[PDB]
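1. Give me a 3D structure for the following:
(chains A, B, C and D, ligands or ions: 1)
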Amino acid sequence: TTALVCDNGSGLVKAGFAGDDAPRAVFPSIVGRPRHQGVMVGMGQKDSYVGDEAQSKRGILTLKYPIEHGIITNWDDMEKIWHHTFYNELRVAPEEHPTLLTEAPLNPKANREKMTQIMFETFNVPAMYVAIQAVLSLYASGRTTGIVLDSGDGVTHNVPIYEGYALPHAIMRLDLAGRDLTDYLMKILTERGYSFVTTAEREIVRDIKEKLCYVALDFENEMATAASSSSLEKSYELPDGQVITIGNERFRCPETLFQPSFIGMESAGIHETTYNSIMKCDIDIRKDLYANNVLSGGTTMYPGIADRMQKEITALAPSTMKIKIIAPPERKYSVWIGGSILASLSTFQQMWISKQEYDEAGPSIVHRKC
Amino acid sequence: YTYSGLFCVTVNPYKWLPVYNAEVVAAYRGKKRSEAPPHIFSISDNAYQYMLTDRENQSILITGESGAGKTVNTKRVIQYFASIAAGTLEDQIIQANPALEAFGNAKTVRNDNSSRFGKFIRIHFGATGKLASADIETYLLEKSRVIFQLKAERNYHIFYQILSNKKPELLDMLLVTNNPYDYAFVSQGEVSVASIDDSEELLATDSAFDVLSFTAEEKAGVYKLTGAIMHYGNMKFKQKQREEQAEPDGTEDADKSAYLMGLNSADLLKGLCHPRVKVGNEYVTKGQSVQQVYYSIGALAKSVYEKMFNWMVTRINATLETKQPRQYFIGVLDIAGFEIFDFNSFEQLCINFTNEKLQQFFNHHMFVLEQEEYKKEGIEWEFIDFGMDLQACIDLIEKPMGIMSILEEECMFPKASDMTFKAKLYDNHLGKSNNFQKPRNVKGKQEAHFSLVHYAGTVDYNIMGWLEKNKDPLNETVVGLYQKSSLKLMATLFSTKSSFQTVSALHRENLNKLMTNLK
Amino acid sequence: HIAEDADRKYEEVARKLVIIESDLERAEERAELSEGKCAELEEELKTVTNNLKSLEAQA
Amino acid sequence: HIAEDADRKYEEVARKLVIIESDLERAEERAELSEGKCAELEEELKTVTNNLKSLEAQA
Ligand SMILES: Nc1ncnc2c1ncn2[C@@H]1O[C@H](COP(=O)(O)OP(=O)(O)O)[C@@H](O)[C@H]1O
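-> Residues are numbered from 1 along each chain as shown, chains lettered A, B, ... in the order given. Find the structure here:
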């Protein structure tokens, strides 16, 4: 029997069947509730909308993400999202399918305990399993060695692997991702006059970010160039007409990944935490880590991010190593692709957590063994 | 002629004998097998009686990898069936048979005309027992032969038949030379066998195309398909400078192929170099290493050849079909036999597994018939099923932890090597299976890597190169390119909310399909 | 008659306008993709030239 | 009234179409010129890579 792969993420649910090339259902991980009165008697108003139905009706709803920084902070909303994913998007019965969920590294244990308890009780999956996103990304990249930099909507983390062995003491987790860049852009757009305060307006700004922002190779002279001429200015049209034009914001928004002090954080840029995670590894494997930086996730999709990353790491590493940033063109779904590959392996069918093991050991089995 | 329990062992006499003609011997009418002399015509008459008295389809399974004796026996039995339930259907069958001879036959190291597919002739009878039109059915084909060939062998004749430089109109329409060593998909083993001429083969095939309903397009288009498959063999690509992406170097063969199939050169090159997926409700490109694109090219050629073959099968089945509504038929299952060569490889594993299934099937049949006979005489005697259990343990290859299962598992596993594959095999089966054993490689022979105990002895295999044999990641972008081509034959082939296809999977499923067809 | 004829000719010209805008944005995004990559690899060329010079000193 | 209104505004629409078509042709020129310059640039880069690898072998 086929299995389900349900990479959750903090901004997008990507589900599908183990053995496909791409996720079958990709929709926002969002729950909307009506905000206004409701006067038309007989309209049949729902209590809440999920997925991308809540996205087209977003004008009258208040949107909430049930996952903040990789952690599930609203379990009823997460249950709604899973119910939707199973019954309306994939149109299956969860009782007939093992499910491979995914989770960021180095986040609380109650998260996985609640995941597995929810699955086994309110969905009656025959078996399940909770992988780590970076490992699956490496599976999808077709490698067994490399330091993968995953950057989605909630959390950015490095995991260095060698020959299929993880270095759990060198795993570095950072908490600025797509959503903090969206908020920084919402804050930077006000200095031109545009004011986005609603959650629907946050979605609008997210789309502006996904369409017009890029990473400058050299930040300072890019700033000076944008100051001198006006060739960097593009235009965007809100969904009511009323075009807006942005200039240096285009590269000031994603630059925060390399100077997290823009949003008042004390951490270092992603280049520097990658270098530190490498320099925390055994001196023999780091020459092979330098040449297998695997970029993953949506927040790594800016134009020019691989070149800036390579420039920075080359400036940090010794002048003899060969820095290679590996950025596939489909790197936004690498975690799901690797998850499907993993759940399709024959030697994996003993790694599931069967219903009987859960019935014997309680929800605590998820990390105690698997 | 000889009876063997339930089989019928006959030997090719190499000598004309009136033991078949005239009907003076074909007087077996009405008799059983046990009373008359042991002739296969008595078997055919028994098949007639059974199909008429039970309204149940019947099956004829002959061993076929013997070079001759297969041909003459098929001919004589089908002639018998023509006689009993009476430009005949036998003439009709042997008219277009050069099609199958040129597409599904090649020089094997221990042969010179070997059917690399299964021929299952369905000769139909009226509701009361008068012969109707007969439709033939084909099955799984050793299509890995399209790309890869061992030493001292070659792939399907049609390539060399065309390459015989007989009709320069073809060799110029396909922009192709006559040197076989310039096209890789055929020049791996031997380019020609001196035991046969290719000009007469080309002429026989032309005659077959003529007697068939093929037009100028239904002949030149097939020639174009074969030429394009051959021009695939020397498509060359390089990594994009400083980065990991296949980039073309020279597009002459691309021009040839785009002109031939009715495609665009740029569209072909990019769709090969930039696969695309349907992600939810969106489209995104995929990057590719060179080897992945070469896999795509080989899979494309294989699928082209396979669907062309199947379409010619349907065409022939139509051309030999015009008859009133029928009910019953007799199955004539021709099949390759077991193989034990001095260097066994993956294709041999496939064929041996097929024959294993067929032999277990026969054993089931003989088991149930013997059990019936023992119940008949009130003879109380029960035993473990001879038909299934003794062989159910040697089909580890099918259990989704066995040999071929682990094979696909490694095909999906990154950086998988034949050494890693051997390691996994030994982990899963060494010592935990009695049929799985280590080969006895004594210096003086080629090395094997594992040994299985089949019913035909203990067989040894060499696992070198099997990932290349099993991987079939199909490129749906070029599939869409095909489904629009101007070459109408291409569209007729590929008319009718991917990256995982393995030759093992399709092979196994077609085998199970044929098994259900039999049972 | 005049009004509807005008409206229909206009709407066809405008539905060609929309595809012209789409092809314009495609052309400019391709051009900026290009130029950005080209200046990034120009920096790469600068690096490799500096390495070439240091290597000449080594020779 | 409605007919002449549509007439005027959609003639202005055709004017914006002239603008967008002009800028589209400009962007096609920009794209082709940039890709040609950047093919020259990629020739420079492949050549200098050959240079550096050969020369560092010698070094
Ligand atoms: N083309 C793009 N360019 C820049 N950022 C993008 C792009 N596409 C998505 N993103 C960012 O990626 C985030 C979603 O990425 P994803 O990997 O799906 O997150 P998760 O893994 O948490 O589901 C969004 O917050 C968005 O800001």
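2. Quick check: residue B:508 is in a strand.
-> No - read with DSSP: H, G, I helix; E, B strand; the rest coil, residue B:508 is helix and lies in no strand.
3. Can you get me a residue count around the spatially closest residue to it that is not a sequence neighbour?
-> Closest residue to residue B:508 apart from its sequence neighbours, by C-beta to C-beta, 6 or more residues apart in numbering or on different chains: residue B:398 at 6.6 Å. In this view, the C-beta of every residue, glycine as well, is placed from N, C-alpha and C. The criterion is other C-beta atoms under 10 Å in any protein chain shown. On that basis, residue B:398 has 17 neighbouring residues.
4. for residue B:398, phi and psi?
-> In terms of degrees, to the nearest 10, the main-chain angles of residue B:398 are phi -90, psi -30.
5. Surely it and residue B:404 touch.
-> Yes - contact criterion C-beta atoms under 8 Å: residue B:398 and residue B:404 qualify, at 7.3 Å.
6. Mind listing the shared neighbours of the two?
-> Taking C-beta atoms under 8 Å, 6 or more residues apart in numbering or on different chains as the contact rule, residue B:398 and residue B:404 both touch residue B:508.
7. burial of the residue of chain C found nearest the ligand, as a residue count?
-> At 12.3 Å from the ligand, residue C:29 is the closest residue in chain C, using C-beta to the nearest ligand atom. Neighbours of residue C:29 under the rule other C-beta under 10 Å: 15.
8. Next: residue A:298.
-> Residue A:298 has 19 nearby residues by other C-beta under 10 Å.
9. same question, the one 4 residues further on
-> Other residues near residue A:302 come to 22 when the count uses other C-beta under 10 Å.
10. Over to residue B:205?
-> Count around residue B:205 with other C-beta under 10 Å applied: 21.
11. Give the buried residues for the strand or helix carrying it.
-> Per DSSP states H and E: residue B:205 is located in helix B:199-211. For helix B:199-211, the neighbour count (16 or more other C-beta atoms under 10 Å in any protein chain shown) marks B:201, B:202, B:203, B:205, B:206, B:208, B:209 as buried.
12. Residue B:166 is in contact with the first one, correct?
-> By that I understand residue B:201. No - applying C-beta under 8 Å as the test, residue B:201 and residue B:166 come out as separate, 9.1 Å apart.
13. so how far is residue A:290 from the residue of chain A found nearest chain D?
-> For chain A, the residue positioned closest to chain D under C-beta to the nearest C-beta is residue A:320, at a distance of 10.7 Å. Going from residue A:320 to residue A:290 by C-beta to C-beta, to the nearest Å gives 10 Å.
14. Which residue of the two possesses the greater neighbour count?
-> Ranked by neighbour count (other C-beta under 10 Å), residue A:320 and residue A:290 place residue A:290 first, with 22 against 7.
15. Now for the nearest residue to residue B:422 once chain neighbours are set aside: which residues touch it?
-> Using C-beta to C-beta, 6+ apart and skipping the chain neighbours, the partner closest in space to residue B:422 is residue B:449 (5.7 Å). Applying C-beta under 8 Å, 6+ apart to residue B:449 gives the contacts B:422, B:439, B:461, B:462, B:463, B:464.
16. and residue B:449, backbone torsions?
-> According to degrees, to the nearest 10, residue B:449 has phi -120, psi -20.
17. re earlier: closest to chain C among the buried residues of helix B:199-211?
-> For the buried residues of helix B:199-211, the nearest to chain C is residue B:209 (47.0 Å; C-beta to the nearest C-beta).
18. Not counting its neighbours along the chain, what's nearest residue 38?
-> Using chain A here. Residue A:38's closest residue in space is residue A:45 (C-beta to C-beta, 6+ apart), at 5.4 Å.
19. Correction: the question concerned chain C.
-> residue D:38 (4.2 Å).
20. try residue B:81
-> residue B:123 (5.7 Å).
21. Quick check: the one you found is in a strand.
-> Yes - Residue B:123: assigned to a strand according to three-state DSSP.
22. and it, how many neighbours does it have?
-> Neighbour tally, residue B:123, other C-beta under 10 Å: 23.
23. I'd guessed it sits against residue B:77; true?
-> No - with contacts counted by C-beta under 8 Å, residue B:123 stays clear of residue B:77, the gap being 9.5 Å.
24. Need the overlap of contacts for those two.
-> Common neighbours of residue B:123 and residue B:77 (C-beta under 8 Å, 6+ apart) are residue B:332.
25. mind listing what the residue of the stretch 201-350 of chain A found nearest chain B touches?
-> Using C-beta to the nearest C-beta, the closest approach of the stretch 201-350 of chain A to chain B is made by residue A:346 at 4.1 Å. For residue A:346, the contact set (C-beta under 8 Å, 6+ apart) comprises B:400, B:401, B:405, B:406, B:408, B:409.
26. The second one against residue B:425, yeah?
-> No - distance between residue B:401 and residue B:425: 10.9 Å, which falls outside the contact criterion (C-beta under 8 Å).
27. Which residue of these two possesses the greater neighbour count?
-> residue B:425 (19 against 14).
28. Show me what the strand or helix carrying residue C:40 is packed against.
-> For residue C:40, the element it lies in under DSSP H and E is helix C:2-58. For helix C:2-58, the packing partners by 3 or more C-beta pairs under 8 Å, 6 or more residues apart in numbering or on different chains; DSSP states H and E come out as helix A:305-316, helix D:2-58.
29. Kindly recompute the last result at 6 Å.
-> helix D:2-58 (3 or more C-beta pairs under 6 Å, 6 or more residues apart in numbering or on different chains; DSSP states H and E).
30. Report the angle between the helix it packs on and helix C:2-58.
-> Interaxial angle, helix D:2-58 versus helix C:2-58 (axes from the mean of the first three to the mean of the last three C-alpha atoms, to 10 degrees): 10 degrees.
31. roughly how far is helix D:2-58 from the heart of the chain?
-> Mean-position distance between helix D:2-58 and its chain equals 0 Å (C-alpha atoms, centre = their mean, to the nearest Å).
32. who's in contact with residue 143?
-> Just so you know, I chose chain A. Residues near residue A:143 by C-beta atoms under 6 Å, 6 or more residues apart in numbering or on different chains: residue B:414.
33. looking at chain B here, not the other one
-> B:302, B:306.
34. how near is it to chain C?
-> As judged by C-beta to the nearest C-beta, to the nearest Å, residue B:143 and chain C stand 40 Å apart.
35. So which of the contacts of residue B:449 are in helices?
-> Residues of the contacts of residue B:449 located in helices (DSSP state H): residue B:422.
36. Quick one: buried ones out of the contacts of residue B:449?
-> For the contacts of residue B:449, buried by 16+ other C-beta under 10 Å: B:439, B:461, B:462, B:463.
37. Closest one to chain C out of those, please.
-> residue B:463 (43.1 Å).
38. burial of the residue of chain B found nearest chain C, as a residue count?
-> Residue of chain B nearest chain C, by C-beta to the nearest C-beta: residue B:242 (8.0 Å). Per other C-beta under 10 Å, the neighbour tally for residue B:242 reads 13.
39. Doesn't it lie inside a helix?
-> No - read with three-state DSSP, residue B:242 is coil and lies in no helix.
40. Excluding chain neighbours, what is closest to it?
-> In space, residue B:242 is closest to residue D:49, 6.4 Å off (C-beta to C-beta, 6+ apart).
41. Just want the phi and psi numbers for residue B:113.
-> phi -150, psi 90.
42. What degree of burial does the closest residue to it other than its chain neighbours show, as a neighbour count?
-> Of all residues not flanking residue B:113 in the chain, residue B:105 sits nearest, at 5.2 Å (C-beta to C-beta, 6+ apart). Using other C-beta under 10 Å, residue B:105 has 19 other residues around it.
43. partners of residue B:105 in the sheet?
-> Beta-bridge partners of residue B:105, counted by DSSP bridges, are residue B:115.
44. now for the buried residues of helix B:199-211, which pair is the farthest apart?
-> Using C-beta to C-beta, those span at most 12.7 Å, a distance reached by B:201 and B:209.
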